[PDB]
Amino acid sequence: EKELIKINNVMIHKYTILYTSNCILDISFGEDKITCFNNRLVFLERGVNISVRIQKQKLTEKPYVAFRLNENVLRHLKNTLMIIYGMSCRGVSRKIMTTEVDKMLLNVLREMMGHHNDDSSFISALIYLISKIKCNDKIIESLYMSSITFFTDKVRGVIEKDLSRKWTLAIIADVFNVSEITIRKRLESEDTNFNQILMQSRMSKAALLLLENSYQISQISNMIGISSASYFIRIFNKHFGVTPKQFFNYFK
Amino acid sequence: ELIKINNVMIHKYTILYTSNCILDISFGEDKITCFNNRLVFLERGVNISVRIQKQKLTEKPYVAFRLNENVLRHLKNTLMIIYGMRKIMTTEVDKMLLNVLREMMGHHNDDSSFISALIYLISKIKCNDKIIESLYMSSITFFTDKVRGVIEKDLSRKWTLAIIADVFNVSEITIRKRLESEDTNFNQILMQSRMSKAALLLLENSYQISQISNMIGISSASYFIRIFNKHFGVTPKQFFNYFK
């Protein structure tokens, strides 16, 4: 295989926490850059766009461990911790943060991995994890910032109910009962456009499907409303700077 | 080594780790046993007897956590969030719990981080539903509660049912009857208010019983000691001997 990879156009759709089990992680956020080694934790503010360069330690193994917080769970943390702590602008050091993982936490993380669909015990274990972190002040700010719902999210959340649907601005306009114009403007106010949001959401999904049981490219291509498997690989590659195959191989 | 201790009333939710003791709990006339190395979950407001057996004599038999006002107020909003929408319980401790316990002990006066350590621990115990429910129960505010606060304004002060009437600008009948609908009496509340302060003070400093007797508003030091032994089934002396 190969131990280095570089991936672009990575929007963080949901607050993500990374533990660099097996890899050293260089994150290019805007004109800034940020580095995560080895046994360590990374907090990624919802809604950042990045490039990343990942160097593996062991090539038999998957470069890091990932926690995506769905919107329910993110809402629960935020409220919880804003009662427990509180609200004593934001760039770089406030969005992407790292911290050293002592053996205590390492095993807390192991427990958090076990907890697929047990959100009770997961939000619990996370509150505690965060209680063990220095400069958790900015994590909790970061969670506040990540809770804010934008119209973009409203759109995305609809789209994402079925990505394979053949979505058009015209359709979405209709979903909001608002003029086609309005949608494009509301998005522009939030510095995006529909077809972009659609690209993103598809390519995200595409990527998450690869990393699974796995399906074939046609399947996945179909699953995200793309016609040609050959064609999909093209857009995917242009988007992440890698083909679906390279990517699966690196991660699965 | 071994001691038997009676009529122990819990004002604020309590957990045990039986680090260095095997603990046999009489709740009602059921008797419950926690072997060495066990967690124990104790509804606020309960009255029990315990028989405590130390393994090593140079340690305190156990670790006890008693929860204050802020803490359980926060738990409620918070665990309500995390769960959403059966008095004494015991359970086994793995290495994970065991360490968290340690860290709980080290959050001397850290609200935020203890609250947090706690929430997680709860979530790691089977049938915690019951433990969370026990925490619901303990959050509810009663009249007995309001009284104790007022009694606690100053334990040494000369409380009579008559003076309490004065203090709430209400009849003495109101007082005793609101308690009777809660199936308790003023002197039991006053008993345990004083016996609480007393038992706690014994282990805190090595201050004289005279001082303590002053502190809880008892005129005779002789009088105190006999109330104590009749309450807890051991004298002030043996009790300090055991736990310190």
# chains A, B, ... in the order shown; residues from 1 in each chain; ligands from 1

call {"tool": "select_by_dssp", "arguments": {"residues": "range 4-216 of chain A", "states": "helix (DSSP H, G or I)", "output": "VMD selection string"}}
result
chain A and resid 71 to 84 92 to 94 103 to 114 119 to 131 136 to 147 151 to 159 169 to 176 180 to 189 194 to 210

call {"tool": "interface_residues", "arguments": {"of": "chain A", "to": "chain B", "cutoff": "7 Å", "atoms": "only C-alpha atoms", "output": "PyMOL selection string"}}
result
chain A and resi 76+80+84-85+120-121+123-125+127-128+131

call {"tool": "select_by_dssp", "arguments": {"residues": "range 68-227 of chain B", "states": "strand (DSSP E or B)", "output": "number ranges by chain"}}
result
B: 88-92

call {"tool": "write_last_selection", "arguments": {"atoms": "C-alpha atoms", "output": "mmCIF file, in the first residue's frame"}}
result
data_model
loop_
_atom_site.group_PDB
_atom_site.id
_atom_site.type_symbol
_atom_site.label_atom_id
_atom_site.label_comp_id
_atom_site.auth_asym_id
_atom_site.auth_seq_id
_atom_site.Cartn_x
_atom_site.Cartn_y
_atom_site.Cartn_z
ATOM 1 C CA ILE B 88 -30.453 0.498 48.440
ATOM 2 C CA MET B 89 -28.451 -0.997 45.558
ATOM 3 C CA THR B 90 -25.036 -2.696 45.322
ATOM 4 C CA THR B 91 -22.744 -3.632 42.415
ATOM 5 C CA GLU B 92 -19.272 -4.908 41.441
#

call {"tool": "atom_distance", "arguments": {"atom1": "CA of residue 195 in chain A", "atom2": "CA of residue 69 in chain A"}}
result
24.8 Å

call {"tool": "atom_distance", "arguments": {"atom1": "CA of residue 52 in chain B", "atom2": "CA of residue 200 in chain B"}}
result
17.5 Å

call {"tool": "atom_distance", "arguments": {"atom1": "CA of residue 92 in chain A", "atom2": "CA of residue 25 in chain A"}}
result
15.5 Å

call {"tool": "closest_residue", "arguments": {"among": "A:1, A:186, A:222, A:126", "to": "residue 245 in chain A", "atoms": "only C-alpha atoms"}}
result
A:1

call {"tool": "closest_residue", "arguments": {"among": "A:44, A:197, A:23, A:106", "to": "residue 61 in chain A", "atoms": "only C-alpha atoms"}}
result
A:23

call {"tool": "closest_residue", "arguments": {"among": "A:72, A:98, A:57, A:149", "to": "residue 27 in chain A", "atoms": "only C-alpha atoms"}}
result
A:98

call {"tool": "closest_atom_pairs", "arguments": {"of": "range 147-225 of chain A", "to": "range 237-242 of chain A", "cutoff": "9 Å", "atoms": "only C-alpha atoms", "output": "JSON lines"}}
result
{"residue": "A:199", "atom": "CA", "partner": "A:239", "partner_atom": "CA", "distance": 8.7}
{"residue": "A:200", "atom": "CA", "partner": "A:239", "partner_atom": "CA", "distance": 8.8}
{"residue": "A:203", "atom": "CA", "partner": "A:239", "partner_atom": "CA", "distance": 7.9}

call {"tool": "write_last_selection", "arguments": {"atoms": "N, CA and C atoms", "output": "mmCIF file, in the first residue's frame"}}
result
data_model
loop_
_atom_site.group_PDB
_atom_site.id
_atom_site.type_symbol
_atom_site.label_atom_id
_atom_site.label_comp_id
_atom_site.auth_asym_id
_atom_site.auth_seq_id
_atom_site.Cartn_x
_atom_site.Cartn_y
_atom_site.Cartn_z
ATOM 1 N N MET A 199 -22.902 18.320 -3.829
ATOM 2 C CA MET A 199 -21.624 17.654 -4.049
ATOM 3 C C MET A 199 -21.084 17.122 -2.731
ATOM 4 N N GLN A 200 -21.015 18.037 -1.760
ATOM 5 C CA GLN A 200 -20.421 17.746 -0.475
ATOM 6 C C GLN A 200 -21.158 16.561 0.125
ATOM 7 N N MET A 203 -20.505 13.352 -1.550
ATOM 8 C CA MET A 203 -19.161 12.801 -1.531
ATOM 9 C C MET A 203 -18.868 12.309 -0.121
#

call {"tool": "closest_residue", "arguments": {"among": "A:138, A:161, A:90, A:62", "to": "residue 247 in chain A", "atoms": "only C-alpha atoms"}}
result
A:62

call {"tool": "residues_around", "arguments": {"residues": "range 30-34 of chain B", "least_positions_apart": "3", "cutoff": "10 Å", "atoms": "only C-alpha atoms", "output": "list in words"}}
result
residues 16, 17, 18, 21, 22, 23, 24, 25, 26, 27, 37, 38, 39, 40, 48, 49, 50, 51, 88, 89, 90, 91 and 92 of chain B

call {"tool": "write_last_selection", "arguments": {"atoms": "N, CA and C atoms", "output": "PDB file, in the first residue's frame"}}
result
ATOM      1  N   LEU B  16     -21.228   4.166  48.512  1.00  0.00           N
ATOM      2  CA  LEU B  16     -20.087   3.582  49.193  1.00  0.00           C
ATOM      3  C   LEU B  16     -19.224   2.856  48.182  1.00  0.00           C
ATOM      4  N   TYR B  17     -17.909   2.878  48.422  1.00  0.00           N
ATOM      5  CA  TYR B  17     -17.004   1.842  47.946  1.00  0.00           C
ATOM      6  C   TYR B  17     -16.452   1.047  49.133  1.00  0.00           C
ATOM      7  N   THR B  18     -16.811  -0.242  49.253  1.00  0.00           N
ATOM      8  CA  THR B  18     -16.347  -1.059  50.367  1.00  0.00           C
ATOM      9  C   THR B  18     -14.923  -1.544  50.080  1.00  0.00           C
ATOM     10  N   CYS B  21     -13.614  -3.306  53.665  1.00  0.00           N
ATOM     11  CA  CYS B  21     -14.618  -3.838  54.575  1.00  0.00           C
ATOM     12  C   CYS B  21     -15.650  -4.681  53.836  1.00  0.00           C
ATOM     13  N   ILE B  22     -16.149  -5.673  54.562  1.00  0.00           N
ATOM     14  CA  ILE B  22     -17.346  -6.383  54.178  1.00  0.00           C
ATOM     15  C   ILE B  22     -18.470  -5.771  55.012  1.00  0.00           C
ATOM     16  N   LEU B  23     -19.559  -5.386  54.348  1.00  0.00           N
ATOM     17  CA  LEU B  23     -20.572  -4.541  54.952  1.00  0.00           C
ATOM     18  C   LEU B  23     -21.938  -5.215  54.824  1.00  0.00           C
ATOM     19  N   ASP B  24     -22.571  -5.487  55.978  1.00  0.00           N
ATOM     20  CA  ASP B  24     -23.863  -6.160  56.053  1.00  0.00           C
ATOM     21  C   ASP B  24     -24.929  -5.157  56.498  1.00  0.00           C
ATOM     22  N   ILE B  25     -25.859  -4.834  55.593  1.00  0.00           N
ATOM     23  CA  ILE B  25     -26.783  -3.729  55.778  1.00  0.00           C
ATOM     24  C   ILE B  25     -28.151  -4.303  56.129  1.00  0.00           C
ATOM     25  N   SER B  26     -28.725  -3.851  57.253  1.00  0.00           N
ATOM     26  CA  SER B  26     -30.094  -4.177  57.619  1.00  0.00           C
ATOM     27  C   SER B  26     -31.013  -3.030  57.191  1.00  0.00           C
ATOM     28  N   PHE B  27     -31.750  -3.230  56.087  1.00  0.00           N
ATOM     29  CA  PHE B  27     -32.733  -2.265  55.618  1.00  0.00           C
ATOM     30  C   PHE B  27     -34.109  -2.911  55.704  1.00  0.00           C
ATOM     31  N   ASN B  37     -14.724  -4.739  47.974  1.00  0.00           N
ATOM     32  CA  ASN B  37     -14.532  -4.172  46.646  1.00  0.00           C
ATOM     33  C   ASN B  37     -15.884  -4.036  45.947  1.00  0.00           C
ATOM     34  N   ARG B  38     -16.769  -3.206  46.504  1.00  0.00           N
ATOM     35  CA  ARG B  38     -18.129  -3.110  46.004  1.00  0.00           C
ATOM     36  C   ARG B  38     -18.647  -1.680  46.088  1.00  0.00           C
ATOM     37  N   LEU B  39     -19.553  -1.337  45.162  1.00  0.00           N
ATOM     38  CA  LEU B  39     -20.258  -0.063  45.148  1.00  0.00           C
ATOM     39  C   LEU B  39     -21.649  -0.222  45.759  1.00  0.00           C
ATOM     40  N   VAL B  40     -22.114   0.800  46.508  1.00  0.00           N
ATOM     41  CA  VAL B  40     -23.364   0.726  47.258  1.00  0.00           C
ATOM     42  C   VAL B  40     -24.125   2.055  47.189  1.00  0.00           C
ATOM     43  N   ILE B  48     -31.348   2.761  58.309  1.00  0.00           N
ATOM     44  CA  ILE B  48     -30.732   1.445  58.204  1.00  0.00           C
ATOM     45  C   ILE B  48     -29.828   1.198  59.406  1.00  0.00           C
ATOM     46  N   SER B  49     -29.502  -0.085  59.587  1.00  0.00           N
ATOM     47  CA  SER B  49     -28.419  -0.538  60.440  1.00  0.00           C
ATOM     48  C   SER B  49     -27.324  -1.108  59.549  1.00  0.00           C
ATOM     49  N   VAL B  50     -26.068  -1.019  59.999  1.00  0.00           N
ATOM     50  CA  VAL B  50     -24.959  -1.640  59.289  1.00  0.00           C
ATOM     51  C   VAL B  50     -24.123  -2.429  60.287  1.00  0.00           C
ATOM     52  N   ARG B  51     -23.514  -3.506  59.799  1.00  0.00           N
ATOM     53  CA  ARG B  51     -22.462  -4.201  60.512  1.00  0.00           C
ATOM     54  C   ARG B  51     -21.203  -4.125  59.653  1.00  0.00           C
ATOM     55  N   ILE B  88     -31.830   0.935  48.257  1.00  0.00           N
ATOM     56  CA  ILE B  88     -30.453   0.498  48.440  1.00  0.00           C
ATOM     57  C   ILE B  88     -30.073  -0.418  47.280  1.00  0.00           C
ATOM     58  N   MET B  89     -28.944  -0.137  46.625  1.00  0.00           N
ATOM     59  CA  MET B  89     -28.451  -0.997  45.558  1.00  0.00           C
ATOM     60  C   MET B  89     -26.957  -1.217  45.755  1.00  0.00           C
ATOM     61  N   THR B  90     -26.457  -2.365  45.271  1.00  0.00           N
ATOM     62  CA  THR B  90     -25.036  -2.696  45.322  1.00  0.00           C
ATOM     63  C   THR B  90     -24.578  -3.283  43.984  1.00  0.00           C
ATOM     64  N   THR B  91     -23.271  -3.188  43.694  1.00  0.00           N
ATOM     65  CA  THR B  91     -22.744  -3.632  42.415  1.00  0.00           C
ATOM     66  C   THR B  91     -21.235  -3.844  42.509  1.00  0.00           C
ATOM     67  N   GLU B  92     -20.675  -4.521  41.497  1.00  0.00           N
ATOM     68  CA  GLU B  92     -19.272  -4.908  41.441  1.00  0.00           C
ATOM     69  C   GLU B  92     -18.460  -3.825  40.732  1.00  0.00           C
TER      70      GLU B  92
END

call {"tool": "residues_around", "arguments": {"residues": "residue 195 in chain B", "least_positions_apart": "4", "cutoff": "9 Å", "atoms": "only C-alpha atoms", "output": "PDB file with N, CA, C and O atoms, in the first residue's frame"}}
result
ATOM      1  N   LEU B 190     -35.240  16.594  64.835  1.00  0.00           N
ATOM      2  CA  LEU B 190     -34.317  17.282  65.721  1.00  0.00           C
ATOM      3  C   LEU B 190     -33.269  16.296  66.240  1.00  0.00           C
ATOM      4  O   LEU B 190     -32.085  16.632  66.291  1.00  0.00           O
ATOM      5  N   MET B 191     -33.710  15.082  66.610  1.00  0.00           N
ATOM      6  CA  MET B 191     -32.807  13.990  66.951  1.00  0.00           C
ATOM      7  C   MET B 191     -31.696  13.892  65.912  1.00  0.00           C
ATOM      8  O   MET B 191     -30.518  14.009  66.239  1.00  0.00           O
ATOM      9  N   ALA B 199     -22.217  13.084  65.053  1.00  0.00           N
ATOM     10  CA  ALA B 199     -21.460  11.971  64.507  1.00  0.00           C
ATOM     11  C   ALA B 199     -20.390  12.470  63.534  1.00  0.00           C
ATOM     12  O   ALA B 199     -19.288  11.926  63.496  1.00  0.00           O
ATOM     13  N   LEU B 200     -20.721  13.516  62.760  1.00  0.00           N
ATOM     14  CA  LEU B 200     -19.802  14.118  61.802  1.00  0.00           C
ATOM     15  C   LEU B 200     -18.663  14.834  62.537  1.00  0.00           C
ATOM     16  O   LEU B 200     -17.498  14.677  62.171  1.00  0.00           O
ATOM     17  N   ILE B 216     -24.536  21.356  69.375  1.00  0.00           N
ATOM     18  CA  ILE B 216     -25.819  20.822  68.940  1.00  0.00           C
ATOM     19  C   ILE B 216     -26.918  21.185  69.942  1.00  0.00           C
ATOM     20  O   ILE B 216     -28.052  20.734  69.794  1.00  0.00           O
ATOM     21  N   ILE B 227     -27.861   9.535  74.680  1.00  0.00           N
ATOM     22  CA  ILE B 227     -28.685   9.701  73.486  1.00  0.00           C
ATOM     23  C   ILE B 227     -27.965   9.054  72.298  1.00  0.00           C
ATOM     24  O   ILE B 227     -28.579   8.355  71.486  1.00  0.00           O
ATOM     25  N   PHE B 228     -26.652   9.310  72.213  1.00  0.00           N
ATOM     26  CA  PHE B 228     -25.788   8.772  71.174  1.00  0.00           C
ATOM     27  C   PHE B 228     -25.812   7.242  71.178  1.00  0.00           C
ATOM     28  O   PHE B 228     -26.081   6.641  70.146  1.00  0.00           O
ATOM     29  N   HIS B 231     -29.001   5.689  70.234  1.00  0.00           N
ATOM     30  CA  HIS B 231     -29.325   5.925  68.831  1.00  0.00           C
ATOM     31  C   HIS B 231     -28.570   4.941  67.929  1.00  0.00           C
ATOM     32  O   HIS B 231     -29.192   4.273  67.104  1.00  0.00           O
TER      33      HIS B 231
END

call {"tool": "closest_residue", "arguments": {"among": "A:53, A:134, A:185, A:252", "to": "residue 6 in chain A", "atoms": "only C-alpha atoms"}}
result
A:53
